[PDB]
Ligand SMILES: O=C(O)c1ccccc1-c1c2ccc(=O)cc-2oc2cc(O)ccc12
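Single chain ahead, by itself, as structure tokens, in the form deposited without the ligand.
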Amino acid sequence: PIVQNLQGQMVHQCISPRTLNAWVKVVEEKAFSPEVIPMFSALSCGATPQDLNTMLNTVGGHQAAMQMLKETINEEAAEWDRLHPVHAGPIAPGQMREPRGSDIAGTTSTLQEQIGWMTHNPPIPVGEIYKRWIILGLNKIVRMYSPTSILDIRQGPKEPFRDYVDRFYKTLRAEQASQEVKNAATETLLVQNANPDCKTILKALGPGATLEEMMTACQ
């Protein structure tokens, strides 16, 4: 990654064994549960494109997902190239060349180039641009790997309402509902999919109940 040292200047530091192992182990343990994405983002703080590729390439399973991710990255790289075409022919001696989409993705750029861009004044944030492409891809993966529709999350007859709600919002998260829908669902699908006893109680509370209010009511 690129860090500020103890003296305020931005320099390259090797990716740490702890960071490498943390990411491999979260993928092993959680696969593409939604919470793996914010973990990826945090563990890749400051990353160069080289570091992001290292993190993705150290994953041993999930190769269908990794090939889907490659495809997303290639789409975003192509759109970059559409928006930001680069001069053909020779680089000005000693000067910085402009990045292509494949330079952003770290396949045609060197670490030195990458450091040059990321530490330029002002920075050309190749690491952050690539990380956005990767996260776009990983969200597609999360949605693909979500095993259950929200329509099929219904409260069991002897299921504690809190347990039901946890299943409901875990499913909405994987299915990638917007926050508007998460906030809205409380007035609707969450009640509809409740068991008959809680549904009666929730219908009585009337509209505009907070989730806290609904959860207290059905405790």
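Rigid core (definition): largest C-alpha set, two forms, superposition within 1.5 Å. Heads up: residue numbers just count along the shown sequence, starting at 1.
What follows is about the form deposited with the ligand bound, which we do not show.
Between the options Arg143, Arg82, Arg132, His87, the residue in contact with the ligand in the entry with it bound by a heavy atom within 4.5 angstroms is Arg132. A residue is said to contact a partner when one of its heavy atoms sits within 4.5 Å of a partner heavy atom; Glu128 meets this definition for the ligand in the entry with it bound.
Only one entry in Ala185, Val36, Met66, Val165 has its C-alpha moved by 2 angstroms or more between this form and the one not shown when the rigid core is superposed, and that entry is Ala185.
In the core-superposed comparison between this form and the one not shown, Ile91 has its Cα shifted by at least 2 Å.
In the entry with it bound, the CA atoms of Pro34 and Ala177 sit closer together than in the displayed form, by at least 3 angstroms. Annotation for the pair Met68/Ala177: C-alpha atoms approach each other in the entry with it bound, by 3 Å or more compared with this form.
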